[PDB]
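Below you will find one chain, with nothing else, as structure tokens; this is the form deposited without the named molecule, and questions on how it binds or moves follow later.
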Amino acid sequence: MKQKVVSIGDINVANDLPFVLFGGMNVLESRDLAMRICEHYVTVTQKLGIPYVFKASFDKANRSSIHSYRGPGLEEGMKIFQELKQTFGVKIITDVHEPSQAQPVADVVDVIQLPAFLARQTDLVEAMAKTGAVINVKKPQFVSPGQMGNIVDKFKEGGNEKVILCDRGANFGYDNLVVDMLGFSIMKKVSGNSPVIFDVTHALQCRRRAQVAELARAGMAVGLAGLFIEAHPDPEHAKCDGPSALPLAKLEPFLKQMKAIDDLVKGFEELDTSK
């Protein structure tokens, strides 16, 4: 059945379309550590023929202390994205945290992201909506998949129909997340079949890793419009998000598995196991 299609330039992101990759790093540490990470992603996805979008946050708005590293900030962050654009010609996705950040950021990036914790705030959605940019909504850990149907409506109300839904796990007791593989279709269903992607790096959150490939495989096998991931040359030295970051050098072998599973799965004929 007609899966909606959200296009990000030459890439068209859909559910029955081979998976698009929204990968990068957590925060824009240094213009140096970017170029590097971005460069590897481009090479690999280019070589494997995987649609690609580079992600990196420009401000950590919800850490633990008012003093913790938050990133280079909006202004400086835009500078880096611009170059990544000039230097590699990639599309970019980054999250915005306040209504007044939406356009300035849309002016620079291709996809603006609505953080999980602010997914229900009307003013941010609207500002984010009027921008006309492609939207990636992080599904709140505390909202059931059957409820994403409201958020997509909110955006349409604001004139934006380019919404992508991203699962990043659900609360499982205290300080724990579990990924409900059955949630993907529910989200699809209640959202007019909007594209559904899976953020494997945040779904692995405790309070990690040898399990990144396992969880990602599981999700991709369900049949998704895309995968969201973060990597790092050194996973336990980074400032912001800790483990759960995929080791940069492992990017290629990891993506071969994903593409392989996606191609196989997207290639299956329809199978109705209900009757």
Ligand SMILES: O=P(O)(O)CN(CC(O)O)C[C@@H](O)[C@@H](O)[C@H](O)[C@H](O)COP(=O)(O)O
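The numbering used is simple: start at 1 and walk along the sequence shown. Throughout, rigid core stands for the largest set of C-alpha atoms superposing within 1.5 Å between the two forms.
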Test item: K47 lacks coordinates in at least a third of other entries: no
Coordinates absent for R207 in a third or more of other entries: yes
Unmodelled deposited residues between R207 and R208, binned: 4 to 9
Comparing 163-171 with 140-148, the one whose average Cα B-factor in the PDB entry is higher: 140-148
Residue range whose averaged C-alpha B-factor is higher in the record, 179-187 or 127-135: 127-135
Member of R36, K47, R217, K250 with the greatest C-alpha B factor (per the PDB record): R36
For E157, the third of its chain into which the C-alpha B factor falls: highest
Entry-reported Cα temperature factor of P99, expressed as the chain third it lands in: middle
Chain-wide C-alpha B factor ranking for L227, given as lowest, middle or highest third: middle
Position of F58 among the chain's modelled residues by C-alpha B-factor, lowest, middle or highest third: lowest
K91 by Cα B-factor - lowest, middle or highest third of the modelled chain: middle
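Keep in mind that the form deposited with the named molecule bound is missing from the display, and what follows is about it.
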Open or blocked: site for the named molecule, pose in the entry with it bound superimposed, 2.4 Å backbone/C-beta cut-off, 3-atom minimum: blocked
Heavy atom contact within 4.5 Å of the named molecule in the entry with it bound, the stretch among 113-121, 153-161, 77-85, 178-186: 113-121
Contact label in the entry with it bound: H202 to the named molecule, heavy atom within 4.5 Å: yes
4.5 angstroms heavy atom contact with the named molecule in the entry with it bound for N62: yes
4.5 angstroms heavy atom contact with the named molecule in the entry with it bound for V27: yes
Partner proximity in the entry with it bound: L248 to the named molecule, non-hydrogen atom cutoff 4.5 Å: no
Among the candidates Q141, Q147, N193, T131, the residue which, in the entry with it bound, approaches the named molecule to within 4.5 Å (heavy atoms): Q141
Heavy atom contacts to the named molecule in the entry with it bound at 4.5 Å, residues of 211-245 in sequence order: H237, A238, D241, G242, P243
Flagged residue of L48, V42, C240, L215 - C-alpha shift reaching 2 Å or more between this form and the one not shown, core superposed: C240
Distance trend in the entry with it bound - C-alpha atoms of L215 and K239, change of 3 Å or more: closer
Cα-Cα trend for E236 and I37, given that in the entry with it bound the distance shifts by 3 Å or more: closer
